[PDB]
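Inside the fold
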Amino acid sequence: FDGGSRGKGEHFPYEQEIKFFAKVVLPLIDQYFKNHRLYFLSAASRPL
Amino acid sequence: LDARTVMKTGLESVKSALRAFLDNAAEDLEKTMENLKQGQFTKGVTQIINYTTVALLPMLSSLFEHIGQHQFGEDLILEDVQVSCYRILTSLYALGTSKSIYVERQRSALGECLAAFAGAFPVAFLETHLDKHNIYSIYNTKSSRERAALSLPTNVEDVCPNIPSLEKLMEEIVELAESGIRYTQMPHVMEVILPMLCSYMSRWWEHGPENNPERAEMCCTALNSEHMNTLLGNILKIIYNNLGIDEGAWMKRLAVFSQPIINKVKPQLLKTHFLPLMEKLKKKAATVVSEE
C-alpha cells in the first residue's frame with residue numbers, strides 16, 4: 001500500500017484485510033495482553 | 001516485555017530485532033531534532049516530528065518505565081545499546097533545554113520520556129568522574145581494541161558534552177530556588193532537570209554508598225541522604241515561592257514525579273519537614289488551584 005500510495009489510485013485491494021486488522025486484531029492484542037499482564041511477565045520468582 | 005529471559009535465551013534474529021527497534025527510534029528522533037533546528041521557518045519532516053511526538057516518544061517512555069519498575073537494564077545493555085542510549089539522552093535533553101514553538105507544545109511529553117529514560121538506563125550517567133568503577137560500563141566492556149573498532153570519543157564527558165554534572169545542576173537548582181525565578185522565563189529547567197534528579201536519585205539510591213558501606217569507593221557512583229534531603233527541600237521551597245503566581249499543571253505533575261522521593265525519604269524528617277508542606281499548601285485559602 002506504501003508502494004501504491006505513490007500511485008494516484010487510493011483504492012486498496014486489501015481493504016477488507018486492513019479493516020479486519022485495525023478493528024479486531026490490534027484490539028484483540030490489547031485485550032489479550034491486558035487480561036494477561038502476569039502470565040507473560042513470569043520471572044521464575046513464582047508470580048502466582 | 002521480558003527482556004531478561006529474551007536476552008539470556010533467545011534467537012539472534014530477535015536480538016537484532018530489538019536492537020534495530022532501538023537504533024531506528026534513535027536515528028528517528030535525532031533526525032527529528034536536526035530538522036527542527038534547520039526548521040527555523042514553518043512538510044515531510046514536520047510529519048516525522050508529529051509522528052515522533054505521538055508514537056516514538058510514548059513507546060520509548062513506556063518501555064523505559066517498565067524497565068525502571070522492574071529495576072531492569074543491566075543485562076539488557078549490550079553492543080551499541082550504550083551508544084544509542086547516550087545519543088537519545090543528549091537528543092531529548094537538547095530539545096527540553098531548547099525553546100521553540102514546537103517545544104512548548106509537547107515539552108511535557110519529552111519530560112516524562114526523559115524521566116523514564118534516566119531511571120531506566122543502567123549506568124550512572126549524571127556522574128562521570130568516578131564512573132569507571134562500574135564494570136557494566138561500556139568503557140570497561142570495550143578494553144582498547146573494541147574502542148578502536150567502534151567510533152566513539154573514548155571520553156564519557158565528550159560523549160555527552162552538553163549535559164552538565166550532578167553537583168553543578170544541584171547548586172544551580174538551589175540558586176534558582178533561593179532566587180525564586182518564575183517558571184515562564186525558564187520553563188526548561190523546572191521541566192526537565194527535576195525529572196532527571198528525581199529518577200536518578202531514585203534508582204541510584206541503592207547504588208549509592210549510603211545503603212552500601214560495603215564495597216565502599218568501589219561504588220559506580222556516590223550519593224547521600226543529605227543530597228536527597230537538599231533537593232526535595234528545594235522542590236518544596238520552590239513550590240512555596242510559586243503557587244501564588246503562574247500556577248500551572250506542571251506543579252501538579254512534579255508532585256507525582258516527587259512521589260518516589262517522598263516514599264524514599266525517612267519519616268523523622270517527614271515530621272517537621274512536610275508539616276511545612278501541609279501548611280504552605282493550605283495557606284492559599286483564597287485560591288482554588290489544585291495542589292498534589
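Residues numbered from 1 in each chain as written, not as in the entry; some residues may be left out. Chains lettered and ligands numbered in written order. Part of a larger assembly, values for the part shown. Heavy atoms only, no water. Residues with missing side-chain atoms left out of burial classes, pairs and counts.

Remarks on the overall build of chain B
The number of helices and strands found in chain B is 14 helices and zero strands. Starting at the N terminus and ending at the C terminus, chain B contains elements arranged as α-α-α-α-α-α-α-α-α-α-α-α-α-α. Relative to the compact-globule value of 19 Å for 292 residues, chain B shows a C-alpha radius of gyration of 20 Å, a close match. Each of the three principal axes of chain B carries a C-alpha extent, and together these read 60 × 55 × 35 Å. (Helix = DSSP H or I, 4+ residues; strand = E, 2+ residues; numbered from the N terminus. Rg over C-alpha atoms; globule rule 2.2 N^0.38 Å.)

Here we look at the overall build of chain A
Each helix and strand in chain A was counted, giving three helices and zero strands. The secondary structure elements of chain A, listed N-terminal to C-terminal, are α-α-α. Considered along the principal axes of its C-alpha atoms, chain A spans approximately 55 × 20 × 10 Å. Counting every atom, chain A has about 4500 Å² of accessible surface; 63% of that belongs to carbon and sulfur. In chain A, which carries 7 positive and 5 negative side-chain charges, the distance between the mean positions of the two groups comes to 9 Å. (Areas by Shrake-Rupley, 256 points an atom, 1.4 Å probe, with all protein chains shown as cover. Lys, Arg positive; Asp, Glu negative; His and termini not counted. Charge placed at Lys NZ, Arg CZ, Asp CG, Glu CD.)

Let's talk about the packing of aromatic side chains
All names here are of chain B. What the rule picks out here adds up to 14 aromatic pairs over all chains. For the pair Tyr86 and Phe121, a centre-to-centre distance of 5.4 Å together with 75° between the ring planes defines the contact as edge-to-face. Residue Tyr86 is located in helix α4 (residues 81-97), and its partner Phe121 is located in the loop between α5 (103-120) and α6 (138-142); the two are separated by 35 residues in the primary sequence. Judged on exposure class, the residue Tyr86 and its partner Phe121 are both buried. In this structure an aromatic cluster arises from ring pairing among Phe64, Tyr86, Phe117, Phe121, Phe125, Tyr200 and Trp204. (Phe/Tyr/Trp six-rings, centres within 6.5 Å; stacked < 30°, edge-to-face > 60°. Buried < 20%, exposed > 50% of the residue type's maximum accessible area, 1.4 Å probe, protein only.)

Digging into the side chain of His188(B)
Residues and elements named next belong to chain B. For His188, the position within the fold is in helix α10 (residues 187-203). Look at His188 and you get buried, because its relative accessible area is 11%. A polar contact is formed between the side chain of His188 and the backbone oxygen of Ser98, at a distance of 3.0 Å. If we ignore the near neighbours within four places in the chain, the residues touching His188 are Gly96, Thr97, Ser98, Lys99 and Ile193. (Polar contact = N/O pair within 3.5 Å; in protein donor to acceptor, adjacent residues only side chain to side chain. Contact = heavy atoms within 4.5 Å.)

Thoughts on the nonpolar core
Residues and elements named next belong to chain B. Core analysis: the largest hydrophobic core is formed by 75 residues, its most contacted members being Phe64, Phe121, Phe125, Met190, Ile193, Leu197 and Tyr200. The set of elements that each furnish at least two residues to this core consists of α2 (12-37), α3 (44-69), α4, α5, α9 (166-179), α10, α11 (225-242) and α12 (249-264). Here this core takes ten residues from α10, the largest share from any one element. (Core = buried A, V, L, I, M, F, W, Y, C linked by side-chain atoms within 4.5 Å.)

A short note on the pattern of salt bridges
Two side chains bearing opposite charge may form a pair once their charged atoms approach each other closely. Residue and element names in this part refer to chain B. Applying the stated criterion across every chain, the model contains five salt bridges over all chains. Residues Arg87 and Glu30 are paired through a salt bridge, measuring 3.9 Å at the closest nitrogen-oxygen approach. The class of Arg87 is partly exposed, set by a relative accessible area of 31%. We note a salt bridge from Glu74 to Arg203, for which the minimum N-O separation is 3.8 Å. Of this pair, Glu74 sits in the loop between α3 and α4 while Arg203 is found in helix α10, placing the two residues 129 residues apart along the sequence. (Salt bridge = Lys/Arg side-chain N within 4 Å of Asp/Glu carboxyl O.)

Considering the environment of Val24(A)
Residues and elements named next belong to chain A. When you line up the elements, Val24 lands in helix α2 (residues 15-35). For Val24, a relative accessible area of 36% puts it in the partly exposed group. The spacing of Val24 and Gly4 is 20 residues in sequence and 24 Å in space, taken between C-alpha atoms.

Concerning a negative patch on the surface
A grouping of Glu167(B), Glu171(B), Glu172(B), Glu175(B) and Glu178(B) is seen on the molecular surface, where their side chains present a negatively charged patch. Considering the arrangement of structural elements, one finds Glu178(B) in helix α9. (Patch = residues over 30% accessible without salt bridge, like charges linked within 9 Å, V, L, I, M, F, W, Y side chains within 5 Å.)

Concerning a nonpolar patch on the surface
Residues and elements named next belong to chain A. A surface patch of nonpolar side chains, amounting to about 700 Å² of accessible area, comprises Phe21, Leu26, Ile29, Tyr32, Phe33, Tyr39 and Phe40. For the nonpolar patch, the secondary-structure elements that each account for two or more residues are α2 and α3 (37-40). Sorting elements by how many residues they give to the nonpolar patch places α2 first, with five residues. Note on placement: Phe21 falls in helix α2.

Section: unusual backbone geometry
The phi dihedral of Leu48(A) falls on the positive side, at around 55°, and the residue is not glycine. Among the structural elements, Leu48(A) can be located in the segment after α3. Phi at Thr272(B) is positive, roughly 65°, even though this residue is not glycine. Among the structural elements, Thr272(B) can be located in the loop between α13 (267-270) and α14 (275-282).

Observations regarding the state of the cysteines
All names here are of chain B. Scanning the model with the defined rule gives zero disulfides over all chains in all. The thiol of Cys160 is not disulfide-bonded; the next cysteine sulfur, from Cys85, is found 10 Å away. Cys160 gets classed as buried once you look at its relative accessible area, which sits at 10%. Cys220 takes part in no disulfide bond, and the closest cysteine sulfur to it belongs to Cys219, at a distance of 6.8 Å. (Disulfide = S-S within 2.5 Å.)

None of the figures reported here should be taken as evidence of function without further support.
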